[PDB]
file upload_34.json (JSON, C-alpha atoms and all ligand atoms)
[["chain", "number", "residue", "atom", "x", "y", "z"],
["A", 1, "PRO", "CA", 47.34, 70.03, 8.71],
["A", 2, "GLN", "CA", 45.47, 73.25, 9.42],
["A", 3, "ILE", "CA", 41.70, 73.30, 9.17],
["A", 4, "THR", "CA", 39.72, 76.54, 9.01],
["A", 5, "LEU", "CA", 36.17, 76.73, 10.33],
["A", 6, "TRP", "CA", 34.35, 78.49, 7.47],
["A", 7, "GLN", "CA", 32.83, 75.16, 6.60],
["A", 8, "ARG", "CA", 31.98, 72.12, 8.74],
["A", 9, "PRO", "CA", 35.23, 70.31, 9.66],
["A", 10, "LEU", "CA", 34.61, 67.09, 7.70],
["A", 11, "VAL", "CA", 37.47, 64.63, 7.26],
["A", 12, "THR", "CA", 37.90, 61.10, 5.96],
["A", 13, "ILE", "CA", 38.23, 58.38, 8.57],
["A", 14, "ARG", "CA", 38.93, 54.67, 8.27],
["A", 15, "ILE", "CA", 37.22, 52.32, 10.72],
["A", 16, "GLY", "CA", 36.31, 48.65, 10.62],
["A", 17, "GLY", "CA", 37.84, 48.53, 7.16],
["A", 18, "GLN", "CA", 35.62, 51.29, 5.81],
["A", 19, "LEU", "CA", 36.28, 54.91, 4.87],
["A", 20, "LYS", "CA", 33.77, 57.40, 6.32],
["A", 21, "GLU", "CA", 33.14, 61.15, 6.52],
["A", 22, "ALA", "CA", 33.33, 62.41, 10.11],
["A", 23, "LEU", "CA", 32.99, 65.78, 11.80],
["A", 24, "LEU", "CA", 35.86, 67.02, 13.97],
["A", 25, "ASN", "CA", 34.25, 67.98, 17.26],
["A", 26, "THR", "CA", 36.01, 69.76, 20.15],
["A", 27, "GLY", "CA", 32.62, 69.92, 21.83],
["A", 28, "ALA", "CA", 32.16, 66.15, 22.03],
["A", 29, "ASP", "CA", 33.60, 64.10, 24.90],
["A", 30, "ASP", "CA", 33.11, 60.85, 23.02],
["A", 31, "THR", "CA", 33.07, 59.69, 19.41],
["A", 32, "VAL", "CA", 29.68, 58.71, 17.95],
["A", 33, "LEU", "CA", 29.32, 57.01, 14.57],
["A", 34, "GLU", "CA", 26.26, 56.32, 12.42],
["A", 35, "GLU", "CA", 24.71, 52.91, 13.12],
["A", 36, "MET", "CA", 26.95, 50.21, 11.66],
["A", 37, "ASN", "CA", 27.43, 46.49, 12.32],
["A", 38, "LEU", "CA", 30.77, 46.15, 14.13],
["A", 39, "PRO", "CA", 32.35, 43.00, 15.58],
["A", 40, "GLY", "CA", 33.08, 42.64, 19.28],
["A", 41, "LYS", "CA", 31.44, 42.84, 22.67],
["A", 42, "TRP", "CA", 29.55, 46.05, 23.44],
["A", 43, "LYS", "CA", 27.91, 47.58, 26.51],
["A", 44, "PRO", "CA", 24.68, 49.64, 26.34],
["A", 45, "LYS", "CA", 24.90, 53.37, 27.00],
["A", 46, "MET", "CA", 23.04, 56.66, 27.18],
["A", 47, "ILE", "CA", 24.55, 59.91, 25.96],
["A", 48, "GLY", "CA", 22.99, 63.35, 25.81],
["A", 49, "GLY", "CA", 23.31, 66.62, 23.96],
["A", 50, "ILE", "CA", 20.94, 69.37, 22.87],
["A", 51, "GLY", "CA", 17.51, 67.81, 22.68],
["A", 52, "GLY", "CA", 18.05, 64.86, 25.04],
["A", 53, "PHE", "CA", 19.57, 61.37, 25.30],
["A", 54, "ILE", "CA", 19.79, 58.49, 22.84],
["A", 55, "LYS", "CA", 20.85, 54.89, 23.48],
["A", 56, "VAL", "CA", 24.04, 53.76, 21.76],
["A", 57, "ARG", "CA", 26.22, 50.66, 21.84],
["A", 58, "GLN", "CA", 29.74, 51.06, 23.18],
["A", 59, "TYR", "CA", 32.73, 49.32, 21.59],
["A", 60, "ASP", "CA", 36.17, 49.62, 23.18],
["A", 61, "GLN", "CA", 39.61, 49.80, 21.57],
["A", 62, "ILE", "CA", 38.41, 50.24, 17.99],
["A", 63, "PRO", "CA", 41.29, 51.15, 15.62],
["A", 64, "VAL", "CA", 40.47, 54.34, 13.71],
["A", 65, "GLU", "CA", 42.50, 56.19, 11.12],
["A", 66, "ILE", "CA", 41.81, 59.91, 10.84],
["A", 67, "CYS", "CA", 43.13, 61.64, 7.72],
["A", 68, "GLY", "CA", 46.18, 59.38, 7.64],
["A", 69, "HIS", "CA", 46.79, 59.41, 11.40],
["A", 70, "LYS", "CA", 46.14, 56.29, 13.48],
["A", 71, "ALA", "CA", 44.33, 56.12, 16.82],
["A", 72, "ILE", "CA", 42.49, 53.51, 18.90],
["A", 73, "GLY", "CA", 39.79, 53.95, 21.52],
["A", 74, "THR", "CA", 36.12, 53.80, 22.49],
["A", 75, "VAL", "CA", 33.48, 54.22, 19.79],
["A", 76, "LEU", "CA", 29.75, 54.68, 20.47],
["A", 77, "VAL", "CA", 27.36, 53.58, 17.70],
["A", 78, "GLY", "CA", 23.75, 54.62, 17.41],
["A", 79, "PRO", "CA", 20.89, 56.70, 15.87],
["A", 80, "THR", "CA", 23.01, 59.74, 14.99],
["A", 81, "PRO", "CA", 22.58, 62.02, 11.94],
["A", 82, "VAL", "CA", 26.36, 62.36, 11.54],
["A", 83, "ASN", "CA", 29.66, 60.79, 12.54],
["A", 84, "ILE", "CA", 31.14, 62.70, 15.46],
["A", 85, "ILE", "CA", 34.81, 62.39, 16.28],
["A", 86, "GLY", "CA", 35.25, 63.53, 19.87],
["A", 87, "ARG", "CA", 38.13, 64.58, 22.07],
["A", 88, "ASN", "CA", 38.98, 61.03, 23.13],
["A", 89, "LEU", "CA", 40.42, 60.37, 19.67],
["A", 90, "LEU", "CA", 41.41, 63.94, 18.78],
["A", 91, "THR", "CA", 43.95, 63.96, 21.62],
["A", 92, "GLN", "CA", 45.49, 60.81, 20.11],
["A", 93, "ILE", "CA", 46.32, 62.51, 16.82],
["A", 94, "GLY", "CA", 47.83, 65.62, 18.42],
["A", 95, "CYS", "CA", 44.97, 67.92, 17.44],
["A", 96, "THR", "CA", 44.74, 71.42, 18.97],
["A", 97, "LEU", "CA", 42.75, 74.67, 18.68],
["A", 98, "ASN", "CA", 44.61, 77.90, 18.01],
["A", 99, "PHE", "CA", 43.65, 81.58, 17.86],
["B", 1, "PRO", "CA", 46.54, 80.52, 22.39],
["B", 2, "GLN", "CA", 47.00, 76.80, 21.75],
["B", 3, "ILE", "CA", 44.42, 74.63, 23.48],
["B", 4, "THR", "CA", 44.91, 70.89, 23.90],
["B", 5, "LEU", "CA", 41.96, 68.56, 24.19],
["B", 6, "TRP", "CA", 42.82, 66.39, 27.20],
["B", 7, "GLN", "CA", 40.19, 68.35, 29.05],
["B", 8, "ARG", "CA", 36.98, 70.03, 27.91],
["B", 9, "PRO", "CA", 38.03, 73.19, 26.03],
["B", 10, "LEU", "CA", 36.43, 75.76, 28.37],
["B", 11, "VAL", "CA", 36.92, 79.49, 28.21],
["B", 12, "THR", "CA", 35.55, 82.57, 29.89],
["B", 13, "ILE", "CA", 33.37, 84.81, 27.78],
["B", 14, "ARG", "CA", 31.86, 88.21, 28.51],
["B", 15, "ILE", "CA", 28.40, 89.12, 27.23],
["B", 16, "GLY", "CA", 25.60, 91.49, 28.16],
["B", 17, "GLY", "CA", 27.95, 92.66, 30.89],
["B", 18, "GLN", "CA", 28.20, 89.30, 32.67],
["B", 19, "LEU", "CA", 30.84, 86.55, 32.51],
["B", 20, "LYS", "CA", 29.98, 82.95, 31.66],
["B", 21, "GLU", "CA", 31.91, 79.77, 30.99],
["B", 22, "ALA", "CA", 31.65, 78.30, 27.53],
["B", 23, "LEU", "CA", 32.82, 75.31, 25.60],
["B", 24, "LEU", "CA", 34.66, 76.09, 22.33],
["B", 25, "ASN", "CA", 32.87, 73.83, 19.88],
["B", 26, "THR", "CA", 33.95, 73.20, 16.28],
["B", 27, "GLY", "CA", 31.21, 70.62, 15.71],
["B", 28, "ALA", "CA", 28.49, 73.21, 16.27],
["B", 29, "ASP", "CA", 27.42, 75.67, 13.55],
["B", 30, "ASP", "CA", 25.64, 77.98, 15.97],
["B", 31, "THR", "CA", 26.31, 79.52, 19.37],
["B", 32, "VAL", "CA", 23.83, 78.51, 22.07],
["B", 33, "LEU", "CA", 23.86, 79.92, 25.58],
["B", 34, "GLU", "CA", 21.80, 78.86, 28.58],
["B", 35, "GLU", "CA", 18.65, 80.85, 29.31],
["B", 36, "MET", "CA", 19.52, 84.42, 30.28],
["B", 37, "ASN", "CA", 18.22, 87.92, 29.58],
["B", 38, "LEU", "CA", 19.75, 89.82, 26.72],
["B", 39, "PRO", "CA", 18.73, 93.27, 25.46],
["B", 40, "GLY", "CA", 17.31, 93.53, 21.96],
["B", 41, "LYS", "CA", 14.35, 92.15, 20.05],
["B", 42, "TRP", "CA", 14.40, 88.37, 19.63],
["B", 43, "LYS", "CA", 12.83, 85.90, 17.21],
["B", 44, "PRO", "CA", 11.78, 82.27, 17.96],
["B", 45, "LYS", "CA", 13.92, 79.60, 16.32],
["B", 46, "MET", "CA", 14.37, 75.84, 16.54],
["B", 47, "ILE", "CA", 17.64, 73.91, 16.39],
["B", 48, "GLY", "CA", 18.44, 70.23, 16.31],
["B", 49, "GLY", "CA", 21.17, 68.49, 18.23],
["B", 50, "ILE", "CA", 22.06, 64.88, 18.90],
["B", 51, "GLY", "CA", 19.12, 64.37, 21.24],
["B", 52, "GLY", "CA", 16.63, 66.14, 19.00],
["B", 53, "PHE", "CA", 15.16, 69.61, 18.45],
["B", 54, "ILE", "CA", 14.62, 72.47, 20.89],
["B", 55, "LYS", "CA", 13.07, 75.94, 20.82],
["B", 56, "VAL", "CA", 15.36, 78.95, 21.23],
["B", 57, "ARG", "CA", 15.40, 82.76, 21.24],
["B", 58, "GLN", "CA", 17.54, 84.35, 18.55],
["B", 59, "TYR", "CA", 19.53, 87.56, 19.04],
["B", 60, "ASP", "CA", 21.49, 89.07, 16.17],
["B", 61, "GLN", "CA", 24.53, 91.36, 16.10],
["B", 62, "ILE", "CA", 25.35, 90.82, 19.77],
["B", 63, "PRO", "CA", 28.91, 91.52, 21.01],
["B", 64, "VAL", "CA", 30.83, 88.74, 22.72],
["B", 65, "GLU", "CA", 34.33, 88.62, 24.13],
["B", 66, "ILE", "CA", 36.06, 85.24, 24.04],
["B", 67, "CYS", "CA", 39.31, 85.20, 25.98],
["B", 68, "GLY", "CA", 39.78, 88.86, 25.18],
["B", 69, "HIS", "CA", 38.96, 88.59, 21.47],
["B", 70, "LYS", "CA", 35.88, 90.43, 20.22],
["B", 71, "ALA", "CA", 33.17, 88.96, 18.02],
["B", 72, "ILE", "CA", 29.74, 90.25, 16.99],
["B", 73, "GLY", "CA", 27.08, 87.88, 15.71],
["B", 74, "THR", "CA", 23.98, 85.74, 16.29],
["B", 75, "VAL", "CA", 23.58, 84.15, 19.68],
["B", 76, "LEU", "CA", 20.85, 81.60, 20.46],
["B", 77, "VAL", "CA", 19.43, 81.38, 23.97],
["B", 78, "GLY", "CA", 17.56, 78.31, 25.15],
["B", 79, "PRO", "CA", 17.42, 75.18, 27.34],
["B", 80, "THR", "CA", 20.88, 73.73, 26.67],
["B", 81, "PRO", "CA", 22.93, 71.62, 29.10],
["B", 82, "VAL", "CA", 25.83, 74.00, 28.51],
["B", 83, "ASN", "CA", 27.05, 77.18, 26.83],
["B", 84, "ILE", "CA", 28.64, 76.53, 23.47],
["B", 85, "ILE", "CA", 30.50, 78.88, 21.15],
["B", 86, "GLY", "CA", 29.95, 77.86, 17.50],
["B", 87, "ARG", "CA", 31.82, 78.27, 14.22],
["B", 88, "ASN", "CA", 29.98, 81.53, 13.50],
["B", 89, "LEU", "CA", 31.98, 83.17, 16.30],
["B", 90, "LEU", "CA", 35.11, 81.03, 16.21],
["B", 91, "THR", "CA", 35.80, 82.16, 12.63],
["B", 92, "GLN", "CA", 35.52, 85.77, 13.79],
["B", 93, "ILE", "CA", 38.43, 85.35, 16.19],
["B", 94, "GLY", "CA", 40.54, 83.48, 13.61],
["B", 95, "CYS", "CA", 40.31, 80.10, 15.33],
["B", 96, "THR", "CA", 41.59, 76.87, 13.65],
["B", 97, "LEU", "CA", 42.18, 73.13, 14.12],
["B", 98, "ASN", "CA", 45.73, 71.85, 13.93],
["B", 99, "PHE", "CA", 47.56, 68.52, 14.14],
["C", 1, "LIG", "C1", 24.49, 73.49, 19.09],
["C", 1, "LIG", "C2", 23.88, 72.95, 17.79],
["C", 1, "LIG", "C3", 24.02, 74.02, 16.72],
["C", 1, "LIG", "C4", 22.41, 72.68, 17.95],
["C", 1, "LIG", "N1", 24.59, 71.78, 17.27],
["C", 1, "LIG", "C5", 25.05, 70.71, 17.94],
["C", 1, "LIG", "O1", 24.69, 70.30, 19.05],
["C", 1, "LIG", "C6", 25.81, 69.76, 17.03],
["C", 1, "LIG", "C7", 24.75, 68.92, 16.30],
["C", 1, "LIG", "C8", 25.42, 67.96, 15.31],
["C", 1, "LIG", "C9", 24.40, 67.10, 14.58],
["C", 1, "LIG", "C10", 23.82, 65.99, 15.48],
["C", 1, "LIG", "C11", 24.92, 65.08, 16.09],
["C", 1, "LIG", "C12", 25.89, 65.96, 16.91],
["C", 1, "LIG", "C13", 26.52, 67.04, 16.01],
["C", 1, "LIG", "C14", 27.50, 67.95, 16.77],
["C", 1, "LIG", "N2", 26.82, 68.87, 17.71],
["C", 1, "LIG", "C15", 27.87, 69.63, 18.38],
["C", 1, "LIG", "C16", 28.47, 68.88, 19.56],
["C", 1, "LIG", "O2", 29.73, 69.43, 19.88],
["C", 1, "LIG", "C17", 27.62, 68.81, 20.87],
["C", 1, "LIG", "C18", 27.71, 70.10, 21.73],
["C", 1, "LIG", "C19", 27.16, 69.97, 23.14],
["C", 1, "LIG", "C20", 28.02, 70.20, 24.21],
["C", 1, "LIG", "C21", 27.54, 70.12, 25.50],
["C", 1, "LIG", "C22", 26.20, 69.81, 25.72],
["C", 1, "LIG", "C23", 25.35, 69.57, 24.66],
["C", 1, "LIG", "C24", 25.83, 69.65, 23.36],
["C", 1, "LIG", "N3", 28.15, 67.71, 21.66],
["C", 1, "LIG", "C25", 27.40, 66.63, 21.90],
["C", 1, "LIG", "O3", 26.25, 66.52, 21.47],
["C", 1, "LIG", "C26", 28.06, 65.56, 22.76],
["C", 1, "LIG", "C27", 27.65, 64.16, 22.28],
["C", 1, "LIG", "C28", 28.47, 63.06, 22.94],
["C", 1, "LIG", "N4", 27.81, 62.19, 23.70],
["C", 1, "LIG", "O4", 29.69, 62.99, 22.76],
["C", 1, "LIG", "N5", 27.63, 65.79, 24.13],
["C", 1, "LIG", "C29", 28.49, 66.27, 25.05],
["C", 1, "LIG", "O5", 29.66, 66.50, 24.71],
["C", 1, "LIG", "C30", 27.98, 66.50, 26.35],
["C", 1, "LIG", "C31", 28.77, 67.04, 27.42],
["C", 1, "LIG", "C32", 28.17, 67.25, 28.69],
["C", 1, "LIG", "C33", 26.79, 66.92, 28.89],
["C", 1, "LIG", "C34", 26.16, 67.12, 30.15],
["C", 1, "LIG", "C35", 24.78, 66.77, 30.29],
["C", 1, "LIG", "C36", 24.03, 66.23, 29.20],
["C", 1, "LIG", "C37", 24.66, 66.03, 27.94],
["C", 1, "LIG", "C38", 26.03, 66.37, 27.79],
["C", 1, "LIG", "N6", 26.65, 66.19, 26.59]]
call {"tool": "encode", "arguments": {"input": "upload_34.json", "output": "structure tokens"}}
result
Amino acid sequence: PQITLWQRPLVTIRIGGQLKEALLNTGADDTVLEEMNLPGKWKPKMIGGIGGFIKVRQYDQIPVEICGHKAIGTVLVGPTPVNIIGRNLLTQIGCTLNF
Amino acid sequence: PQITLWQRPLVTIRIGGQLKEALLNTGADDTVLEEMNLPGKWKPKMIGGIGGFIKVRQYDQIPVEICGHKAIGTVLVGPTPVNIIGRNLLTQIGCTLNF
């Protein structure tokens, strides 16, 4: 589809069997989701942004469905105010910026 | 142009007479540049990111050129790990998300 930027780019995503509201983020390397109890092995990690770093748990090859499209990759989970879908997954659903 | 997301979406911008590199960011509402001197009166503001809140200097109605396209709006200057162009300026140059 085509998404304008007047409003925050919120879309519906399906992960771990649940449907969630995530923000499309060209400015995020990784994908960070609100704390949730996922199955699987996970390594500890530190990621930063404006304001500093926060510790998150890293899960690999997690199947995610973004607005109908299907992708699968790394997902960081932690103390975040919103679900951030980063470039790692955006590339997988053929998403681009145009102006 | 059509920018893919296999690599950080960086672009060259021109502002205050200088050139700086900036990350086109759809997940950001505001535009925050690293600490630099800009003409004009400025007001103290605070913004929150993933790592928390930070203090910034706000400049309104400032002209910015993003890959040749002109935009005029608020620009926040503070201690950020990188220069980011937000939705307030991306909308001005008719930028969208596609896939
Ligand atoms: C600029 C401002 C208006 C304050 N907004 C934002 O920061 C909003 C805030 C939202 C609510 C909280 C959760 C994140 C979302 C999305 N972000 C936008 C979002 O695009 C933000 C922009 C950014 C880019 C580079 C450096 C810092 C910050 N990206 C991020 O926060 C991602 C998070 C991640 N680990 O994937 N960080 C990075 O992509 C990133 C890249 C390089 C870095 C180098 C050193 C230190 C930290 C670095 N972080």
call {"tool": "closest_atom_pairs", "arguments": {"input": "upload_34.json", "of": "chain B", "to": "ligand LIG 1 (chain C)", "cutoff": "12 Å", "atoms": "all atoms listed in the file", "output": "JSON lines"}}
result
{"residue": "B:7", "atom": "CA", "partner": "C:LIG1", "partner_atom": "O5", "distance": 11.5}
{"residue": "B:8", "atom": "CA", "partner": "C:LIG1", "partner_atom": "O5", "distance": 8.7}
{"residue": "B:9", "atom": "CA", "partner": "C:LIG1", "partner_atom": "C20", "distance": 10.6}
{"residue": "B:10", "atom": "CA", "partner": "C:LIG1", "partner_atom": "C20", "distance": 10.9}
{"residue": "B:21", "atom": "CA", "partner": "C:LIG1", "partner_atom": "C21", "distance": 11.9}
{"residue": "B:22", "atom": "CA", "partner": "C:LIG1", "partner_atom": "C21", "distance": 9.4}
{"residue": "B:23", "atom": "CA", "partner": "C:LIG1", "partner_atom": "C20", "distance": 7.1}
{"residue": "B:24", "atom": "CA", "partner": "C:LIG1", "partner_atom": "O2", "distance": 8.6}
{"residue": "B:25", "atom": "CA", "partner": "C:LIG1", "partner_atom": "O2", "distance": 5.4}
{"residue": "B:26", "atom": "CA", "partner": "C:LIG1", "partner_atom": "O2", "distance": 6.7}
{"residue": "B:27", "atom": "CA", "partner": "C:LIG1", "partner_atom": "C15", "distance": 4.4}
{"residue": "B:28", "atom": "CA", "partner": "C:LIG1", "partner_atom": "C15", "distance": 4.2}
{"residue": "B:29", "atom": "CA", "partner": "C:LIG1", "partner_atom": "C3", "distance": 4.9}
{"residue": "B:30", "atom": "CA", "partner": "C:LIG1", "partner_atom": "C3", "distance": 4.3}
{"residue": "B:31", "atom": "CA", "partner": "C:LIG1", "partner_atom": "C1", "distance": 6.3}
{"residue": "B:32", "atom": "CA", "partner": "C:LIG1", "partner_atom": "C1", "distance": 5.9}
{"residue": "B:33", "atom": "CA", "partner": "C:LIG1", "partner_atom": "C1", "distance": 9.2}
{"residue": "B:34", "atom": "CA", "partner": "C:LIG1", "partner_atom": "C22", "distance": 10.5}
{"residue": "B:45", "atom": "CA", "partner": "C:LIG1", "partner_atom": "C4", "distance": 11.1}
{"residue": "B:46", "atom": "CA", "partner": "C:LIG1", "partner_atom": "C4", "distance": 8.8}
{"residue": "B:47", "atom": "CA", "partner": "C:LIG1", "partner_atom": "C4", "distance": 5.2}
{"residue": "B:48", "atom": "CA", "partner": "C:LIG1", "partner_atom": "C4", "distance": 4.9}
{"residue": "B:49", "atom": "CA", "partner": "C:LIG1", "partner_atom": "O1", "distance": 4.0}
{"residue": "B:50", "atom": "CA", "partner": "C:LIG1", "partner_atom": "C10", "distance": 4.0}
{"residue": "B:51", "atom": "CA", "partner": "C:LIG1", "partner_atom": "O3", "distance": 7.5}
{"residue": "B:52", "atom": "CA", "partner": "C:LIG1", "partner_atom": "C10", "distance": 8.0}
{"residue": "B:53", "atom": "CA", "partner": "C:LIG1", "partner_atom": "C4", "distance": 7.9}
{"residue": "B:54", "atom": "CA", "partner": "C:LIG1", "partner_atom": "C4", "distance": 8.3}
{"residue": "B:55", "atom": "CA", "partner": "C:LIG1", "partner_atom": "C4", "distance": 10.3}
{"residue": "B:56", "atom": "CA", "partner": "C:LIG1", "partner_atom": "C4", "distance": 10.0}
{"residue": "B:74", "atom": "CA", "partner": "C:LIG1", "partner_atom": "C3", "distance": 11.7}
{"residue": "B:75", "atom": "CA", "partner": "C:LIG1", "partner_atom": "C3", "distance": 10.6}
{"residue": "B:76", "atom": "CA", "partner": "C:LIG1", "partner_atom": "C1", "distance": 9.0}
{"residue": "B:77", "atom": "CA", "partner": "C:LIG1", "partner_atom": "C1", "distance": 10.6}
{"residue": "B:78", "atom": "CA", "partner": "C:LIG1", "partner_atom": "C4", "distance": 10.3}
{"residue": "B:79", "atom": "CA", "partner": "C:LIG1", "partner_atom": "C23", "distance": 10.1}
{"residue": "B:80", "atom": "CA", "partner": "C:LIG1", "partner_atom": "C23", "distance": 6.4}
{"residue": "B:81", "atom": "CA", "partner": "C:LIG1", "partner_atom": "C22", "distance": 5.0}
{"residue": "B:82", "atom": "CA", "partner": "C:LIG1", "partner_atom": "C22", "distance": 5.0}
{"residue": "B:83", "atom": "CA", "partner": "C:LIG1", "partner_atom": "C21", "distance": 7.2}
{"residue": "B:84", "atom": "CA", "partner": "C:LIG1", "partner_atom": "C20", "distance": 6.4}
{"residue": "B:85", "atom": "CA", "partner": "C:LIG1", "partner_atom": "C1", "distance": 8.3}
{"residue": "B:86", "atom": "CA", "partner": "C:LIG1", "partner_atom": "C3", "distance": 7.1}
{"residue": "B:87", "atom": "CA", "partner": "C:LIG1", "partner_atom": "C3", "distance": 9.2}
{"residue": "B:88", "atom": "CA", "partner": "C:LIG1", "partner_atom": "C3", "distance": 10.1}
call {"tool": "calpha_fit_and_write", "arguments": {"input": "upload_34.json", "fixed": "chain A", "moving": "chain B", "output": "mmCIF file with C-alpha atoms, in the frame of the given file"}}
result
data_model
loop_
_atom_site.group_PDB
_atom_site.id
_atom_site.type_symbol
_atom_site.label_atom_id
_atom_site.label_comp_id
_atom_site.auth_asym_id
_atom_site.auth_seq_id
_atom_site.Cartn_x
_atom_site.Cartn_y
_atom_site.Cartn_z
ATOM 1 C CA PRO B 1 47.133 70.026 8.811
ATOM 2 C CA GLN B 2 45.535 73.387 9.593
ATOM 3 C CA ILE B 3 41.765 73.402 9.210
ATOM 4 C CA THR B 4 39.788 76.636 9.009
ATOM 5 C CA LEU B 5 36.184 76.787 10.106
ATOM 6 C CA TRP B 6 34.442 78.574 7.229
ATOM 7 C CA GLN B 7 32.997 75.211 6.344
ATOM 8 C CA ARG B 8 32.064 72.194 8.454
ATOM 9 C CA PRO B 9 35.355 70.529 9.463
ATOM 10 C CA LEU B 10 34.834 67.188 7.672
ATOM 11 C CA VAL B 11 37.420 64.483 7.259
ATOM 12 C CA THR B 12 37.605 60.962 5.935
ATOM 13 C CA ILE B 13 38.100 58.228 8.485
ATOM 14 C CA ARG B 14 38.717 54.512 8.055
ATOM 15 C CA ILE B 15 37.205 51.995 10.466
ATOM 16 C CA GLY B 16 36.213 48.343 10.450
ATOM 17 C CA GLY B 17 37.600 48.329 6.926
ATOM 18 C CA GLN B 18 35.172 50.914 5.530
ATOM 19 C CA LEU B 19 35.545 54.664 4.939
ATOM 20 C CA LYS B 20 33.136 57.206 6.408
ATOM 21 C CA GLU B 21 32.929 60.975 6.600
ATOM 22 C CA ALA B 22 33.152 62.535 10.023
ATOM 23 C CA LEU B 23 32.966 65.907 11.644
ATOM 24 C CA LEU B 24 35.954 66.823 13.863
ATOM 25 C CA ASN B 25 34.236 67.993 17.024
ATOM 26 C CA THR B 26 35.971 69.662 19.978
ATOM 27 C CA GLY B 27 32.689 70.264 21.810
ATOM 28 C CA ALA B 28 32.019 66.537 22.080
ATOM 29 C CA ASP B 29 33.672 64.352 24.743
ATOM 30 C CA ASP B 30 32.839 61.106 22.973
ATOM 31 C CA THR B 31 32.977 59.732 19.441
ATOM 32 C CA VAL B 32 29.600 58.723 18.014
ATOM 33 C CA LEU B 33 29.157 57.072 14.639
ATOM 34 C CA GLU B 34 25.946 56.297 12.780
ATOM 35 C CA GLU B 35 24.552 52.782 13.120
ATOM 36 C CA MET B 36 26.907 50.253 11.539
ATOM 37 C CA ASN B 37 28.258 46.792 12.332
ATOM 38 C CA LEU B 38 31.523 46.565 14.182
ATOM 39 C CA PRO B 39 33.254 43.390 15.386
ATOM 40 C CA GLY B 40 33.657 42.897 19.118
ATOM 41 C CA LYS B 41 31.405 42.608 22.144
ATOM 42 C CA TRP B 42 29.393 45.750 22.888
ATOM 43 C CA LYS B 43 27.702 47.211 25.958
ATOM 44 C CA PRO B 44 24.551 49.426 26.034
ATOM 45 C CA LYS B 45 25.149 53.050 26.985
ATOM 46 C CA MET B 46 23.205 56.308 26.985
ATOM 47 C CA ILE B 47 24.509 59.755 26.061
ATOM 48 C CA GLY B 48 22.976 63.193 26.195
ATOM 49 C CA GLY B 49 23.240 65.867 23.558
ATOM 50 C CA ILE B 50 21.538 69.186 22.961
ATOM 51 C CA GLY B 51 18.250 67.565 21.991
ATOM 52 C CA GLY B 52 18.295 65.053 24.826
ATOM 53 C CA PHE B 53 19.450 61.496 25.549
ATOM 54 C CA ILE B 54 19.831 58.512 23.231
ATOM 55 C CA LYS B 55 20.752 54.838 23.544
ATOM 56 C CA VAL B 56 24.017 53.656 21.989
ATOM 57 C CA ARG B 57 26.262 50.604 21.585
ATOM 58 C CA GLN B 58 29.726 50.950 23.076
ATOM 59 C CA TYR B 59 32.860 49.423 21.543
ATOM 60 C CA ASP B 60 36.213 49.758 23.276
ATOM 61 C CA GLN B 61 39.779 49.658 21.946
ATOM 62 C CA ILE B 62 38.715 50.007 18.316
ATOM 63 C CA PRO B 63 41.252 51.289 15.742
ATOM 64 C CA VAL B 64 40.400 54.370 13.713
ATOM 65 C CA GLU B 65 42.353 56.254 11.088
ATOM 66 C CA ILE B 66 41.673 59.983 10.844
ATOM 67 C CA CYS B 67 43.297 61.578 7.821
ATOM 68 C CA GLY B 68 46.063 59.015 8.010
ATOM 69 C CA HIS B 69 46.670 59.325 11.758
ATOM 70 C CA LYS B 70 45.964 56.270 13.904
ATOM 71 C CA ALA B 71 43.947 56.240 17.109
ATOM 72 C CA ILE B 72 42.587 53.395 19.242
ATOM 73 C CA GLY B 73 39.745 53.981 21.673
ATOM 74 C CA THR B 74 36.037 53.849 22.543
ATOM 75 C CA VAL B 75 33.579 54.391 19.742
ATOM 76 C CA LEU B 76 29.827 54.771 20.327
ATOM 77 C CA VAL B 77 27.382 53.607 17.671
ATOM 78 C CA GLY B 78 23.805 54.837 17.610
ATOM 79 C CA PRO B 79 21.078 56.951 15.965
ATOM 80 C CA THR B 80 22.990 60.199 15.398
ATOM 81 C CA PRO B 81 22.358 62.705 12.591
ATOM 82 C CA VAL B 82 26.065 62.531 11.783
ATOM 83 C CA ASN B 83 29.418 60.916 12.541
ATOM 84 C CA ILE B 84 31.424 62.856 15.081
ATOM 85 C CA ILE B 85 34.992 62.374 16.264
ATOM 86 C CA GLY B 86 35.336 63.434 19.928
ATOM 87 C CA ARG B 87 38.133 64.666 22.181
ATOM 88 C CA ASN B 88 38.961 61.094 23.223
ATOM 89 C CA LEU B 89 40.341 60.491 19.722
ATOM 90 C CA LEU B 90 41.399 64.019 18.817
ATOM 91 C CA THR B 91 43.870 64.042 21.727
ATOM 92 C CA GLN B 92 45.344 60.795 20.410
ATOM 93 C CA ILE B 93 46.332 62.433 17.132
ATOM 94 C CA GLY B 94 47.719 65.537 18.878
ATOM 95 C CA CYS B 95 44.954 67.873 17.724
ATOM 96 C CA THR B 96 44.616 71.463 19.098
ATOM 97 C CA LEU B 97 42.694 74.747 18.813
ATOM 98 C CA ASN B 98 44.594 77.836 17.753
ATOM 99 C CA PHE B 99 43.906 81.536 17.190
#
call {"tool": "closest_residue", "arguments": {"input": "upload_34.json", "among": "B:67, B:59, B:41, B:73", "to": "chain A", "atoms": "only C-alpha atoms"}}
result
B:67
call {"tool": "axis_aligned_box", "arguments": {"input": "upload_34.json", "around": "stretch 49-59 of chain B", "padding_each_side": "3 Å", "output": "JSON"}}
result
{"center_x": 17.6, "center_y": 76.0, "center_z": 19.7, "size_x": 15.0, "size_y": 29.2, "size_z": 9.0}
call {"tool": "closest_residue", "arguments": {"input": "upload_34.json", "among": "B:91, B:4, B:37, B:18", "to": "residue B:69", "atoms": "only C-alpha atoms"}}
result
B:91
call {"tool": "residues_around", "arguments": {"input": "upload_34.json", "residues": "residue B:17", "least_positions_apart": "3", "cutoff": "12 Å", "atoms": "all atoms listed in the file", "output": "list in words"}}
result
residues 13, 14, 20, 36, 37, 38, 39, 62, 63, 64 and 65 of chain B
